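Neighbour counts are summed over all protein chains in view; Cβ atoms, including those assigned to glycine, are modelled from backbone coordinates with ideal geometry. No lab work stands behind these numbers, since they all come straight from the coordinates.
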Amino acid sequence: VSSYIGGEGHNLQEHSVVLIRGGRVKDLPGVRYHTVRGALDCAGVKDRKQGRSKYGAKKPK
Amino acid sequence: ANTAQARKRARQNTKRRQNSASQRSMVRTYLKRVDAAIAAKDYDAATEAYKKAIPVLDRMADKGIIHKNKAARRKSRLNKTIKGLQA
Amino acid sequence: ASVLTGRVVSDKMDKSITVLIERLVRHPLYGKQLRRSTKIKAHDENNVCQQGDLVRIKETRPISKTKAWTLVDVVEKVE
Amino acid sequence: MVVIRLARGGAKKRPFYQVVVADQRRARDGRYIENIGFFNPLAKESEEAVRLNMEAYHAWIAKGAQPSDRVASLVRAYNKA
Amino acid sequence: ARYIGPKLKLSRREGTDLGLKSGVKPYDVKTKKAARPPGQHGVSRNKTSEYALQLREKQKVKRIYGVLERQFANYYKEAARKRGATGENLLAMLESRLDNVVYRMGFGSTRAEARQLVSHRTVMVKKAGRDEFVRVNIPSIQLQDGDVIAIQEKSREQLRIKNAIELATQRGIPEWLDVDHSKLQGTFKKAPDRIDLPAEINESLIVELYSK
RNA sequence: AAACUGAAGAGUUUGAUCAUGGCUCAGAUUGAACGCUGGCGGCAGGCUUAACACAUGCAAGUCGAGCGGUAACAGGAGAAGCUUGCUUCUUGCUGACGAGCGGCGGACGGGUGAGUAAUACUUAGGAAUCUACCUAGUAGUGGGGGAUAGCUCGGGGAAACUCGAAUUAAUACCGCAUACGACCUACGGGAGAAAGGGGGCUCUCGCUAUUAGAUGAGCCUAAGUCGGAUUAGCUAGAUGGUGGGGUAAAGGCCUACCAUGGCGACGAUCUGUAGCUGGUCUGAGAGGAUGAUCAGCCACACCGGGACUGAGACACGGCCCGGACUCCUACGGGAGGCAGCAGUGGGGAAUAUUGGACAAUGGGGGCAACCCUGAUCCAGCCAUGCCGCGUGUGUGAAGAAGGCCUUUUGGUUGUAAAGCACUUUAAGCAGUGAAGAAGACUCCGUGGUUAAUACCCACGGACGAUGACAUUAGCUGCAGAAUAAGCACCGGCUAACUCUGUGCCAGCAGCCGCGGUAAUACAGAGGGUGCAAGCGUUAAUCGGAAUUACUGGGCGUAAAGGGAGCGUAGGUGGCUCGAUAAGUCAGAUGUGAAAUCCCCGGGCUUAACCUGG
RNA sequence: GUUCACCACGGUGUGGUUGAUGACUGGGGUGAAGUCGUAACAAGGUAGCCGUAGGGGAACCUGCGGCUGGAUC
């Protein structure tokens, strides 16, 4: 299946190992899954501050 | 068998089974005579075959080779087909 | 002990009859009582009753493969 | 045989037994024949700590059951007061 | 958990005094901002909805007694099950909490300081019928008809307890509680009736909110 | 007295409207996963996927008071080399004890849910059965024989093991003798047991035959219990009967013959899927979904098949045969089965220690002493859940600074901070310290027993032998605010608004939708809102959905009357007088396990939890 | 021990059901500043629609029967 990479920027290529969760994207026909950011190979959104846990971003120190 | 007692109970079973199968076979031969004498419709030979079977048949039921209820049933049912065989 | 009453729908077996007992089992959601029926084969030793008769049958020790009831009384007979 | 024994209830470090008549081969907390009381090891001085229906504890003795060494002493220290 | 942050911006969000500050100053002098809700805008447009007067009425009772949602939704579950009116069985469970009662009796300047007395093992409770004075550190103990409260001997000379009494007398003492200043001892004679608490709390909005 | 309390809607079709109707949302729940974060305690829970393959350790032993005995061990008596205090060899003489014969246990406890749609389960009954240990009885327990394991002697085998000769004991085995019951009977009569051990002739543990209990097991009947008719016909030992066999026992269970039956639209047959229940979640209820942990039942134990022994198995850690796989081998042969408890590899989104003790409750053995018990009781890991507590508390204004907005000076963060005065829950440190323990043994006394003041047993006293947890729970002191806040959201639903950046891009989104140069919808900030040691997201069930409408919907035109009729099964059905009592109603009785749910109480400091009725 | 009976594994042949794939092919849907027309909605410029048959690049046209869910009369 095809999943949606949410957030501004990612680091996914071929043979990247990703966690896929449910949840469709309304604007995208035939996309019913979201890739989990921060899970296995997908990195958390780099400079995220507010909704950090939804984008796998650590709390900035 | 993995434990001593399990190994012992297993060699103790061949012994207890060879001994009780030479007596299980004994119970059967003595009933072949009673069924071989009935098949030839001979009251005199059947009563002399049924008569030397009661002691065998039920001595081996006291021992455990067969069950008393099988010993009673074999006696009853064989005495019901010789008694009817020109008593 | 446990006697049951029904009609005889078959008697073409030796010392055996088929008895049709009717029951009103109620639907567990809609509440309407549906009249259902089961065929119980009973034992008629003398083989006297025919089909279409009222017979009482009581549960007893099984007599055959699919026969464990016996005839005890014939209250009604074919007209 | 049939045994009159305790079946543990309560919680961790807070046991509460129920004196029970059961087949001896059933699990301690498994199937039984009749429950005939209870027992609080940790109880207060103003609370029922041992209760046992003596009419069936005796019915079940003339009948064949064999009390355990904990319940036999429990009766022994409950009918004396 | 408990709420640690500023207390006079809770009241300000409710639009009324919540007793979150000991009564040494008038409520409109301790904050002086209590016309507008806290934050940048506070007093503005938009028409509040039925859900907002329900959430704010239950948030207010929670802030008064210092109880969080999970412990407070359990109270409504006890009050609904319990026979009688739900919104009055709820106001009794909250007024029968041990940390609330050592403030209605006068040993705490405010419920947050009375929470700091019960929790720090400085208040003994004696259940009616028993004769021993157990020490407790659980603010949420539901008192019953006849329970007796007493301050711990170690902390009977407390400089903060002594002035919490002085300041309570002005606030007054309820009739369902009997206090003894000299012996630093009380008695929870009875749970308070509906007509013994302010009529500004609308408990019918609380029961209305917990039904979706 | 009480169990008797419970029901919300919104957005979105239109220029607007009402209706219809779908979609979406707000709730609750979880054996959950993931993301960010994370302090503690109590109580629970923790491989849902591979019934995948399994390294290693443990999970079933026990009895010398059945027996020959003596491999070790410890003593004891004498030989004493005496080396004078070194010290050894003979002895089962004693405590005991490896292997061996014998008994009991291993059929329980524990695990799993593959199979199984009905030899299952639930409810209610039935009759044709067996039942170790236990309770209460009854009649006995007499007298002999031939062996044999261990031990020898000799081989074979790499091992696993094995072959032969000789041969000893027994509560091992086999005759004979008797037999209250019990069995067969043609009812005249026939046949059938056992074993000894222990304590000072007794008593006791045993054994034999059996009766009645209890317990357990087997068997049967009726009713109920998933989907598919784009599966309608299914059956030949199949339906029934007789003679015979078979079983502990009814029975086509088997067999020979005889008849031609048996089942099915009230769903047979064939399929797909599934362990069933008490229960659990949800719901106002009716319903719907589900069958983890706890308890009952069932089935299974690498796969297929057969049995043995035994009261009980067609046997989880037993046997035999076959098979797949893994391993050892000297290549001839052999060994094994974690769906026991830990644990490994693998699969997976994901689920823990190769822990302690039998102290307690149980189970196995024993006369006991005592041994065994991965049951169990605990401890370890994990925010996985429920519950509880904390991360301080008061007081503090020309309302400090800093941030943010701004009309450039005000607002706001905000009593918030600082300052001042306190407090020490939890954690840490130090003490003290219940209860889980049932009082074993030994001694005395009484009663029974007896030929006996022995022995044995019951009862009554003394006494303190026994705690894994454990450095317990609790209780009391010391110290210092000291060690402890994050997560989501803020256009509407839906509580909470502003700047800056961006410019139909980057992005958000459950839905309606936002973004094209002034974005409350993206990204960051300030401020706020809701939860809080958690908070969100995803998955999943029910709800809202009266959106399968039984409670509780519709069919002129919104989806929906068959083209019309006749008619089979079926459903329903006029009046009056009777009978019956099946339905219906009422009463009684039995049953509906316990736990769970609810009500009233009682104990944990509260609660979760446990618990009585 | 031998032999017969029952029987597990295993083998053989022939069918049924069902999953994945398959050159090519049929319609369905989505997608842009396409090409050809303009079939329907007004009497939509030949009223529309239903069944059926023939025809046609394509909407569609024509015949037969039916309906009003057809305006103008």
**OP:** Among the residues of segment D:29-48, count how many are near RNA strand F (Cβ under 6 Å from one of its atoms) and either over 22 Å from D:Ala77 (Cβ atoms) or aromatic (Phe, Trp, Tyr) (or both).
**Re:** 5
**OP:** Determine whether segment E:64-73 contains at least one residue that is near RNA strand F (Cβ under 6 Å from one of its atoms) and closer than 30 Å to E:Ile165 by Cβ.
**Re:** yes
Subject >> Residue check, E:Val61 more than 10 Å from RNA strand F (Cβ to nearest atom), surrounded by 14 or more Cβ atoms within 10 Å (Cβ to Cβ), in contact (Cβ under 8 Å) with a residue 12 or more places away in the chain and β-branched (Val, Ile, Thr) >> reply: yes
**OP:** Write out, first by first residue and then by second, each pair whose Cβ atoms fall under 6 Å of each other, whose residues are 6+ apart or on separate chains, and whose first residue, in segment A:38-61, is within 14 Å of another protein chain (Cβ to nearest Cβ) and in contact (Cβ under 8 Å) with a residue 24 or more places away in the chain while the second is assigned to a loop (DSSP other than H, G, I, E, B) and near RNA strand F (Cβ under 6 Å from one of its atoms).
**Re:** none
Subject >> Matching residues, segment E:115-138, being free of Cβ contacts under 8 Å to residues at least 24 places away in the same chain and in contact with a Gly (Cβ under 7 Å, 6 or more places away or on another chain) >> reply: E:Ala128
Original post:
If you go through segment B:23-30 one residue at a time, do you hit one that is touching a helix residue (DSSP H, G or I) at 6+ places or on another chain (Cβ under 6 Å) and among the hydroxyl-bearing types (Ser, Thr, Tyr)?
Top reply: yes
**OP:** Determine, yes or no, whether E:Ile138 is closer than 25 Å to E:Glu78 by Cβ, under 19 Å from the mean Cα position of the chain (by Cα) and more than 10 Å from RNA strand F (Cβ to nearest atom).
**Re:** no
**OP:** Please give the number of the condition E:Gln54 fails out of (1) more than 14 Å from E:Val207 (Cβ to Cβ); (2) surrounded by fewer than 20 Cβ atoms within 10 Å (Cβ to Cβ); (3) in contact (Cβ under 8 Å) with a residue 60 or more places away in the chain.
**Re:** (1)
Original post:
Do any strands (runs of 3 or more DSSP E) lying entirely in chain D carry at least 3 residues that are at negative phi and surrounded by 10 or more Cβ atoms within 10 Å (Cβ to Cβ), and which ones are they?
Top reply: D:2-8, D:17-23, D:50-52
Original post:
Across segment C:38-59, which residue is nearest to the other protein chains (Cβ to nearest Cβ) among those that are more than 6 Å from RNA strand F (Cβ to nearest atom) and either among the β-branched types (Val, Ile, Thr) or exposed (fewer than 11 other Cβ atoms within 10 Å of the Cβ) (or both)?
Top reply: C:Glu45
